[PDB]
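# below you'll find the sequence and an experimental structure to go with it.
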Amino acid sequence: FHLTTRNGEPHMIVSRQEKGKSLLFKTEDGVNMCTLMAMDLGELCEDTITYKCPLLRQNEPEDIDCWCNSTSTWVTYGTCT
Amino acid sequence: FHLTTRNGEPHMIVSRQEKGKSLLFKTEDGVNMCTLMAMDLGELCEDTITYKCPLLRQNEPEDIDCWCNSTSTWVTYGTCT
Amino acid sequence: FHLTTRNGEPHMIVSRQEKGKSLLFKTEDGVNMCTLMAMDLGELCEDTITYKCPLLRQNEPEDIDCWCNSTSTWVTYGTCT
Amino acid sequence: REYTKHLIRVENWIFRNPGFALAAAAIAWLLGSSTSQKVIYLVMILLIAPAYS
Amino acid sequence: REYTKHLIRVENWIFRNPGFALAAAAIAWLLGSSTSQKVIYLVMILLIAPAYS
Amino acid sequence: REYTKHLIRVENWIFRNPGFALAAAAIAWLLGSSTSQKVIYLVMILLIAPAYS
Amino acid sequence: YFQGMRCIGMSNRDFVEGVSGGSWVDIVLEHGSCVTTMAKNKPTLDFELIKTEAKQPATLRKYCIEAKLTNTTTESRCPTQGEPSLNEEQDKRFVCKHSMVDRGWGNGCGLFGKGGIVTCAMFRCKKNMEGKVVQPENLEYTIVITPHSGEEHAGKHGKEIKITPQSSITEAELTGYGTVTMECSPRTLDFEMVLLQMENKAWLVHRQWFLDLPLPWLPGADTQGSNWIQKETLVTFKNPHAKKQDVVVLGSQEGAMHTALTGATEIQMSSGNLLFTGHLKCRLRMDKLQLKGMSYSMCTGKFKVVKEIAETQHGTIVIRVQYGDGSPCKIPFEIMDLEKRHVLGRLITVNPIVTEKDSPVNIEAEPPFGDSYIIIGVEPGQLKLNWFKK
Amino acid sequence: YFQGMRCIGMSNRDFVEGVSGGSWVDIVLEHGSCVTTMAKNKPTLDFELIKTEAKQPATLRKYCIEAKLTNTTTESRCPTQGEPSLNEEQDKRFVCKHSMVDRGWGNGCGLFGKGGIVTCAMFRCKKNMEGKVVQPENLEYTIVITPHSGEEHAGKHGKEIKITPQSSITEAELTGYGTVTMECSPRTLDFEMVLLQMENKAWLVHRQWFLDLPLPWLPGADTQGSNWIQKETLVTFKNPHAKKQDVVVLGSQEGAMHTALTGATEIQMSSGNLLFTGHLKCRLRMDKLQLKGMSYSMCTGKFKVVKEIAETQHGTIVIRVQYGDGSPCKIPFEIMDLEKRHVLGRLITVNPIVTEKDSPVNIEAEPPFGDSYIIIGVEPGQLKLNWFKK
Amino acid sequence: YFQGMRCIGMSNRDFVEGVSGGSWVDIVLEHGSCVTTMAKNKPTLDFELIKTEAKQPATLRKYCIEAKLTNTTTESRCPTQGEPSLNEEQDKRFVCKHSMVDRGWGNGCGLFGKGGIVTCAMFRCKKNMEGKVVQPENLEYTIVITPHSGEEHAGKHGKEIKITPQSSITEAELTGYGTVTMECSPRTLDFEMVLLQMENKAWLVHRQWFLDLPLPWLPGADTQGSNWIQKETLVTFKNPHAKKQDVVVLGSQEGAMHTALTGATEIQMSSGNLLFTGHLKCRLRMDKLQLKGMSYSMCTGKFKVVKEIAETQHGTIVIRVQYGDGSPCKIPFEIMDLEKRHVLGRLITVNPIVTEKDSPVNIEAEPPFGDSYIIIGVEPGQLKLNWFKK
Amino acid sequence: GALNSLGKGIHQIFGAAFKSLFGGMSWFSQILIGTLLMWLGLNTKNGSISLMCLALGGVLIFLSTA
Amino acid sequence: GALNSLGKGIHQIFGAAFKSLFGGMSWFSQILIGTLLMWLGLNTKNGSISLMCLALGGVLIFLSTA
Amino acid sequence: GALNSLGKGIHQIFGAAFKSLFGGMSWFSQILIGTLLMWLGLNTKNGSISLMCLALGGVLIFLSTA
Ligand SMILES: CC(=O)N[C@@H]1[C@@H](O)[C@H](O)[C@@H](CO)O[C@@H]1O
Ligand SMILES: CC(=O)N[C@@H]1[C@@H](O)[C@H](O)[C@@H](CO)O[C@@H]1O
Ligand SMILES: CC(=O)N[C@@H]1[C@@H](O)[C@H](O)[C@@H](CO)O[C@@H]1O
Ligand SMILES: CC(=O)N[C@@H]1[C@@H](O)[C@H](O)[C@@H](CO)O[C@H]1O
Ligand SMILES: CC(=O)N[C@@H]1[C@@H](O)[C@H](O)[C@@H](CO)O[C@H]1O
Ligand SMILES: CC(=O)N[C@@H]1[C@@H](O)[C@H](O)[C@@H](CO)O[C@H]1O
């Protein structure tokens, strides 16, 4: 995935071949591990969706398919197939 | 994943920990490599879905999230999380 | 933060610069660690809110953004920015 | 007692004797011979009946 | 030619002389003096007019 | 001045003498003796009054 | 606390009596009312229709109102190769749909064009409702026949009998008095209607509305509970894709149903049975009834009016009394005029008797209008109680 | 520029005169109109009702229309342990609410279930409005009594007097002429109504509407301005959470109020006092008034008509003149016929006099209809001015 | 094949003639009809209104009927922290919605409760339709003025002229005959209506219906084609989730539109212009027209009737003839009685002439009713053709 | 049903009147005053005979209950 | 109020007519022409006497202002 | 419009009849047979005079076209 930013915050452009794998990227505050569970994750195209993966410390996830454990991150991926 | 069959054809029961990784299994006609891109791939449970991953020889994939390159294969996975 | 009391119970006046950090203060019964997760935590001003951070022993938190692990504590912070 | 004391006496004496009523109309119909004017008797008679005056 | 040869002769001779028609009615109205019975003349006359018989 | 010069003369001479008006009606009511026809006098009189002709 | 009190405390109470002997007497029974019957030398009886319920009425149709989907499977063919198929398309537990979807080189086909696709999902009902048909017959009315004795309690139930418009004439035994014979008719309650049951709560609904409900259903006489009809009503098939298609099920319809039934007459129920407020017409014969206690002694002793004489809602009175000098005996009751010359009024409680020493024996009687003496007992202290009925 | 001009320039002007001597004369005073009174050997006076205002009318209710919240505090108990409480729930400056919220192991409770929660916030009003009740009495009418002299200015105000329907008969002094005595009645103005004040701008509104307004309020006789009633009208309590609950206050209602009062009669005001257009009926006596200047000399000199004689809206004329040979003197005015034989018309300005040499002395007079000579002055050049009144 | 034939072949043909000289003659022009005018010593002319179209009519509103969505973005805040926002919420190309969604420990919030969420997607219109307003003025009528000569073809077009109800009197030149002057009025066609254009196919629709259409639109005078109004009409926002929300766009509405316009009068069109069937009233003057060919020789030769004399739908005949001995000459035409004594009937073709040897010269004439001789030519073989008009 | 509607209708009115005018007593009391009326039906002359001869049956029936 | 409405109503009309017909002068002028009318009320014969004998009061009152 | 509807209506019928009965010729032919009819209107006696004296105008007008 391409690591960029959105208003000072880290942003992940996730491609199709990354579905199902732990997303890791270094940050001043250590190594960040985001987890992508999006069922509709497809091919990067015009039909993108973009949203935030909250920071989750010792809390079970609820009503979400993306989250990081060290620093909140934005994520973007296409839905095409 | 558990390799079984469905009417003489190979069938893949894919679990959650395989999301994002190339699926390889030996067959009389050489080694088969299926590619799973299902965004909704989750935990194996009661809510399964089952469908076919077509054979694709030098053709770009379109409107699909699963395909093999040597022998058409059926795939099954749960959507739970 | 300023440590005071509210009816015999410990009370924490939390300022803006403490957002995101573990709150520790000594007590006869050992060291108390309260966790503040308030998203709306801002600058100390006239618009304060004050409420209690329950004691939580080996139980996951639910429907709360403040809790301590040794002795229930009151907390107060402003919402200004 | 003053409210029912004049009435209760009559409501007894009739229950003892139905008779003076039965023939009262005869005294009535032969006296005054017009409707109401012949009724006021049949009330006046059955009323003076349980009395001693 | 046998279909129009009897008609065409008349349709000419009138276009040459309107007259025998104009006075025909006078011969008509003074002959037979009833409606149709007075019309059959005004046809018979204007018809015998372009003839030589 | 030609607009009010004929009127203003009258509007004075009456304000000096109310009288010729007061008796005018007497000349009126005894002359012509019908409504309007008896009014035209009471205008003609009070009008010829402030005049010398 | 005493036998026959229930009917005395009711506002709707009919007094019936036979104008003949050995003849039939007609009475009308209604919920919330009671009928008191009387006859010369016969005990007075109380009748009440307490329950009217349908037992095991025919189940018309079971409607599924909430379901789940499992094992969703998709199959599709390329343009030119006919309609695909799945064997589970023959399994009555699945919901399936046939469609057409674009195909081409990108998904395994030689030609670009529409191809046939089919998708099936196992349908599992999780919550259903059922509508039943109540037949006028097979309805069961419960009637209690209580002896109007005045005896006490605070072990003396009236005979309870259950009948059906198809059952024959009933011969009910009343411990101590004999038997009473009666027959009833459900004389005018309608049933082209249906009774809808949504988890122990029921409603009366019109037919053709129940039958038109857009929900999966099964013929009444089923037990599999699997082969649902018109499952598509709770299932939605999303637009297909070359090789897969999603299928989602609607959410529970219990709510859509509830706030949809508001207005229709709600029907009470219990133990799975439906309850109604019935109406009966009956005829009874008392030739086999007789007074309990004839051939005793005439109490020769004393009574102390237990408490304040009571006035009922029916021009009658209830006098509590308790012996005193004697055997479990007959009581001398008699309502006369102020002069004690002639007998007036009458007893509703008949052949009133005492069973125990210090056993309040309630007695219901009808005093004439006006003044009367209530003479209870015999010659030590014959109890003259004055009474005025307004 | 001259005394008595204001009334001459008014279109609504009444001329009143007493048919007796020493008697009372009635007049009707209205805003925008004036009344001129005259009497034999008495000065002519002008009367005008210029102001009608309520002074310190009773305050009925203060409504808060904008507020702020501070120190929001929450307290809650587990299922089973009763209703929680906060002592500030006894402090009248706070708004509080009691509710129930789910509780359980996740937030410090042994049992899962509903628990009692309470939240309070200090309520601070930032902008309020107040409605007042105007009593017919305590209303104060201002009346100006100006001497109709014609004197000049461009120091000579008419006497101003303020009265109340409860004040006694007034004795007003007019420098130079004596005093005039008068009494007034607010003779028919209604007050079941109320006067709403929204920051120096007021309106007249019906009662029961003012009293029904859904806004926090305080009884009129308050000064704390803290213990508001029904604060919840400007406060909203969000759904609670196990241990905290948010409370927000509505925004200012000044706007919702303004565009809500459109239609109701707007009432002017100043210095906190409300103003109205009153109506008065008065009676006055002039027995204590007298002409200013009697016992002077009869000007024996000349006058030059300062400018063009003016015609008023009341069949009268205003002649400006200025001496000339003499003392500050009486003027010889007289309107006769063309022949100068009899006197016609009359003066509205009475005992016209000159105070200074070169001091335009305006004079209002009433010429008869038609022709007349306006004779100003004496025998050097008695000023014959012709006049025609149409 | 000959000049003036078009009008002869029409069933709707009016014959007009001026009752004066140099005067104006009125005629009524309709689509599908023609008018033939005649005057002493003037050529006969044919008039036809062939086209009526609106040129560049004002565009009222552009409606989007099919769109796509891209870059869908979601933002949401925890309970207590106000309404979230996205800067693209200020970009007119996006469609956005604000909502509330449950939040809590499971998705990054300290408190459980409703939180603010916002979602935007770029809206891209892919197919739109536009309704236009046709003004009576700016309508352009095309009229063809053809000389009724009978000359041949199989290079001789009638003059075509385009006018507007705002254009001034027209002076049309007819090669060889001079000019004809005429003025027209759109004398009674309505336009509170609108003309809807769905990809080169148009309809006439009522206003307020067009303006009420639930579809994204843009004010007529736009060119950006991006800042659509009420995009939500083609967009649906699914129920939100803690941090994301789906947005889908409806499918094309071209179909819903088509099968929705059935019934409304369909309007033809081409080259972007709308066409109508107009109605005109005109007045023309012929003082500047003259016969083409005066001052020639009178053919002195022969003619062979090219083919069968034809009867028109208007009591007239068309005789084809071709010279023969002479110059391009005048023709001697004359319809007399059987005796050749007086002249009967008249020519519609006037000053008929021959341009070439072997050049069929059609001639339209009006024979009297009954019998007549059609005398074509001169003294070698003056062509006596018998004719009977029924 | 109308016939049942008016059935209680015409009866309650005519009934109460009979529960007041007559209604003195029973047995040898009712039958006598009863039987004497039936005599008036046979005799009399004038029409009332139409009511009396019926009223007897009214009484006798109430005596014939038994 | 009606009585007050018509009060100015019936007065303004009847008034102006009296402000034209009469209205010549005052004092010994008004009283005379006034007093003579009151004579016509006592005498005369015909009904107008109903108006004249009133009209005197009309004048005399305006002379009785003082 | 009715008046326009029947306008062509009453005209076409009455017209064709006039396009047959008369319709011989024009100029000195039409006027003569025309003028003689107008004579019958002045004279005659019987009602037809109502039609003839009109029919003249019918002819004369067609001769007055010019
Ligand atoms: C704050 C925290 O938990 N840090 C660790 C990080 O060091 C590690 O790389 C990752 C997975 O290996 O798990 C967490 O993100
Ligand atoms: C038919 C074909 O292409 N065979 C190869 C297979 O041998 C290999 O294992 C795989 C990935 O390594 O890629 C293809 O499947
Ligand atoms: C009761 C208990 O668990 N005590 C410990 C405390 O000693 C420690 O300081 C803190 C974090 O270090 O974690 C808990 O509060
Ligand atoms: C503190 C930190 O971020 N460093 C390491 C990170 O590099 C590593 O990936 C992870 C487990 O693999 O453990 C973290 O502690
Ligand atoms: C022919 C075949 O299937 N064998 C090998 C396969 O084992 C291997 O995984 C792949 C690349 O890794 O290359 C294939 O050629
Ligand atoms: C019992 C107690 O409260 N003492 C220590 C505390 O000082 C320390 O901060 C914590 C871990 O850091 O471990 C606790 O055991």
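Right, received. Where do you want to start? Residues are numbered from 1 along each chain as shown, chains lettered A, B, ... in the order given. Ligands and ions are numbered 1, 2, ... in the order given.
# quick one, phi/psi of the nearest residue to residue G:287 once chain neighbours are set aside?
Residue nearest to residue G:287 in three dimensions, not counting chain neighbours: residue G:22, with 4.8 Å by C-beta to C-beta, 6 or more residues apart in numbering or on different chains. Placement of C-beta: from N, CA and C, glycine included. Phi and psi for residue G:22, reported as degrees, to the nearest 10, are phi 80, psi 0.
# shouldn't residue G:22 be in contact with residue G:285?
Yes - assessed by C-beta atoms under 8 Å, residue G:22 is found in contact with residue G:285 at 7.2 Å.
# pick out whichever of those two has more residues nearby.
residue G:285 (18 against 9; other C-beta atoms under 10 Å in any protein chain shown).
# contacts only, for the closest residue in space to that one that isn't next to it in sequence.
Spatial nearest neighbour of residue G:285, chain neighbours left out: residue G:181 (4.7 Å); criterion: C-beta to C-beta, 6+ apart. Contact analysis of residue G:181 by C-beta atoms under 8 Å, 6 or more residues apart in numbering or on different chains lists G:169-172, G:284-285, G:287-288.
# max pairwise distance over those residues: which two?
Largest separation among the contacts of residue G:181 by C-beta to C-beta: G:170 and G:287, giving 14.6 Å.
# between those two, who's got more neighbours?
Between residue G:170 and residue G:287, residue G:170 has the larger neighbour count (other C-beta under 10 Å), namely 18 against 15.
# could you say which helix or strand holds the spatially most central residue of chain D?
Residue closest to the average C-alpha location in chain D (C-alpha atoms, centre = their mean): residue D:46, at 1.0 Å. For residue D:46, the element it lies in under DSSP states H and E is helix D:35-48.
# quick one: residues in contact with whichever helix or strand residue G:172 is part of.
Taking DSSP H and E as the criterion, residue G:172 maps to strand G:170-174. Strand G:170-174 is contacted by residues G:43, G:45, G:145, G:147, G:158-159, G:161, G:163, G:179-183, G:288-289 when judged by C-beta under 8 Å, 6+ apart.
# give me that answer again for 10 Å
Identification of contacts with strand G:170-174 by C-beta atoms under 10 Å, 6 or more residues apart in numbering or on different chains yields G:43, G:45, G:143, G:145-147, G:158-163, G:178-184, G:282, G:284-285, G:288-289, G:292.
# which of those residues count as buried?
Among those, those that count as buried by neighbour count (16 or more other C-beta atoms under 10 Å in any protein chain shown) are G:43, G:45, G:143, G:145-147, G:158-159, G:161, G:163, G:178-182, G:184, G:282, G:284-285, G:289, G:292.
# backbone dihedrals for residue J:7, please?
Recorded main-chain torsions at residue J:7 are phi -60, psi -60, according to degrees, to the nearest 10.
# for the chain, what's the longest strand?
Just so you know, I chose chain A. Longest strand of chain A, by residue count under DSSP state E: strand A:43-53.
# switch to chain G, please.
Per DSSP E, chain G has its longest strand at strand G:113-133.
# list the neighbouring strands of that strand plus their orientation.
Neighbouring strands of strand G:113-133 in its sheet, by DSSP bridges, are strand G:58-76 (antiparallel), strand G:94-103 (antiparallel), strand G:193-197 (antiparallel).
# quick check, the residue in chain D closest to chain K?
residue D:36 (52.6 Å; C-beta to the nearest C-beta).
# domains in chain G, by residue range?
Following the assignment in CATH domains of a matching chain, chain G carries domains at G:1-55+G:135-187+G:265-291, G:56-67+G:126-134+G:189-228+G:250-264, G:68-125+G:229-249, G:292-390.
# so of those domains, which one's packed in deepest?
domain G:68-125+G:229-249 (a mean of 18; mean count of other C-beta atoms under 10 Å in any protein chain shown).
# next, the distance between the ends of that one.
7 Å (C-alpha to C-alpha, to the nearest Å).
# ok, stretch A:52-62 near ligand 1 or not?
No - Stretch A:52-62 is not in contact with ligand 1 by C-beta under 6 Å from any ligand atom; minimum separation 7.6 Å.
# surely residue G:69 touches residue G:96?
No - the criterion here is C-beta atoms under 10 Å, and residue G:69 misses it with residue G:96 at 11.7 Å.
# can you list residues touching both of the two?
Common neighbours of residue G:69 and residue G:96, counting by C-beta under 10 Å, 6+ apart, are G:120-121, G:123, G:231, G:235, G:247.
# and the gap between residue G:362 and ligand 3?
From residue G:362 over to ligand 3 the distance is 72 Å, taken as C-beta to the nearest ligand atom, to the nearest Å.
# and residue A:45, by the same measure?
Distance from residue A:45 to ligand 3, by C-beta to the nearest ligand atom: 48 Å.
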